[PDB]
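So this one's two forms of a single chain, laid out as structure tokens and tagged structure 1 and structure 2.
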Structure 1
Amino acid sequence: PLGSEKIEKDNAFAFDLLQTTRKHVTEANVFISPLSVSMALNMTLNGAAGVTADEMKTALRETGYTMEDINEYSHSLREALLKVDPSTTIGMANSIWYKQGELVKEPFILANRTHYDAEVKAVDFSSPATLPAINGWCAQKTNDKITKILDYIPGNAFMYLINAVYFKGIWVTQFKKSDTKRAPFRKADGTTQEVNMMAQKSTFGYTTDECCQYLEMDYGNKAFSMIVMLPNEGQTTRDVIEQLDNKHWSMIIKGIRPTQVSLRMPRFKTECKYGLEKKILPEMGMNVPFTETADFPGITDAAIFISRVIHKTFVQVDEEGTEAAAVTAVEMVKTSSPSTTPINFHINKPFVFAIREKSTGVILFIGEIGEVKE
């Protein structure tokens, strides 16, 4: 039975994927949608049987769940996230591109469209038309947010699972564009760059660790929020990433209290591409689905396995927000701000961040910014 434990399980996968991805990636910035990846692999899982299916269900933390439940949960969760906040720009583009020849089984195709809005397409990987076709599919499905997803495909390819995810939201409380100033940011490589440092003094959700300062910044109609994990002087983002698990995440969320904060945040954009077949997904537990020995009878009677799992992400943070911060009485009174002095939350060094849905607690996106680019 698929109940609320599925949110905990998918979040448990989220942290594991973030940790595994960082272990195998050299890039300053990391940006992944583990939920979208889970859902994309759930597409392939429909065709999987035996050990092939077991290894997938193990890595995805779905052991015990039936395909009916997984499909019904995946379709309801994605359709809700994509419609819950109209002020928010969010997409989850999925597709399976297979070796032209033996046609894919109708139930597989049907399952894929119904629960994942996924196109299962037969291509001749040798044709010079294929790479433009895939990149074209990406641009239309992401309304040109993500326009290139593949640079090269060998002709010997079998089946490519392609997932393109993007997010852009507006804050509940906006940043004045007039308040944004040029300020330094300390890059992961030990260099210090100059960035467009946004600023606002407002009420935000706030808690602390032995390592970190955490801030919750609500988006749009409070359906989504961003959690900024600011390592303490001496601590690094690697220490943050290594420490995250549900027990630790629970401890953060439960500690979040409305706080008056002086915030400084850079304007940033990050676009990341991952080939999760190479080392990230095998390390997590699924090795067989990427080999000649994989059993996917639900896809075709002909031999087939996952050639590549392409995960491409996009996020953008700017000043834009729903309303202006109203004048508070403390501002007017011309006397003390009592109780607490506004906490200084200055993001001028690398940070870990997550985009979550507040009513269910699902982590849609998780990542690290070590270098500010816009």
Structure 2
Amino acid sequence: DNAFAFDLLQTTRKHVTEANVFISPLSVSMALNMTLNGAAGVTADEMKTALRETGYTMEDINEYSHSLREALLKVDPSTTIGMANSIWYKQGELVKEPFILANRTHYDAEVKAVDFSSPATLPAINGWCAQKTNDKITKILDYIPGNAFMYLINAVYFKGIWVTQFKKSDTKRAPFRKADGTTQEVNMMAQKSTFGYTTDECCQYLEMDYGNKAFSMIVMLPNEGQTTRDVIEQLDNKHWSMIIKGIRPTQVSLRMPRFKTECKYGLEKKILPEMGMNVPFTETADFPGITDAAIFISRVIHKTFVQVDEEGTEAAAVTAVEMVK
């Protein structure tokens, strides 16, 4: 069930104006599921609604999260995978043990009580992010507000090597038509190989494997006159299933740009509220599983990185949920 991934992509694309969008739904759902373990009442119900987890118990959500992390960390030793979680809370505050223990058990959360006023705390948190993303996301926070209570942070890291790599000697300078209609000159990689391929009325689809073929990249290339906005707006489990099950091994002459993108989002502003999460961002939020203090979510910061090149792909994401009094 990738409904959350597609709904998060669609809602993000609707509310941001940049040419590139790049998100990790896995990272966002892990950080919010750790937080959901402390929520009660409507606070919890609205978080389950936004996560597309309505109808599941916390026991099932936590067991699924744990089994998913275990599967992804061991399915391909030839691919580098990181899935790390941490909880940083205000020194001297009482944080409930059942909440800490659930997050240590199902998310392998590293839990730390910290002095948020120390000059060492922001570099300890940002340094943790750098450590868990091969230094590709070096900062998740620029500042800590005076009413900070807790940070729940997830970091996903991926470094895969293509099953069939490109040769840098075959990369050539070539035009790429931007979304804004202007053309730019790029480093266009090229190779002729067997890849997974399929088509429909809008697009061409390619599947490019990494390592032992457990992980892959799917590329959706709209036909002339067709748009990525329409692809995004039409994506759902049914359409995704149609693509995946339609893929067949095909001899393909591939031209792909070497590209990098780094994105940053404040998911609390418009995106998570549109997906149904409203009360948790207000003073009416209730998190009795975390503390007796009245706290709420002030920010949900999501940062991502991706580099695609001749050898493979390196991608990283960090999601930090900021809770304040």
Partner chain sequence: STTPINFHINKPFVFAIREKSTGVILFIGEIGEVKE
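What we label the rigid core is the largest C-alpha set whose atoms superpose within 1.5 Å from one form to the other. For numbering, take structure 1's sequence and count from 1.
- The second of the two structures is the form deposited with its partner chain bound.
- The only C-alpha among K148, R257, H248, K181 that moves by 2 Å or more between structures 1 and 2, given a superposition on the rigid core, is that of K148.
- Annotation for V288: C-alpha shift under 2 angstroms between structures 1 and 2, rigid core superposed.
- Relative to the superposed core, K83 undergoes a Cα shift of 2 Å or more between structures 1 and 2.
- The Cα shift for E119 between structures 1 and 2, taken after rigid core superposition, is 2 angstroms or larger.
- In this core superposition, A329 moves its Cα by 52.1 Å between structures 1 and 2.
- Relative to the superposed core, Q100 moves its CA by 6.2 Å between structures 1 and 2.
- The two forms, fitted on their core, place the C-alpha of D209 1.3 Å apart, compared between structures 1 and 2.
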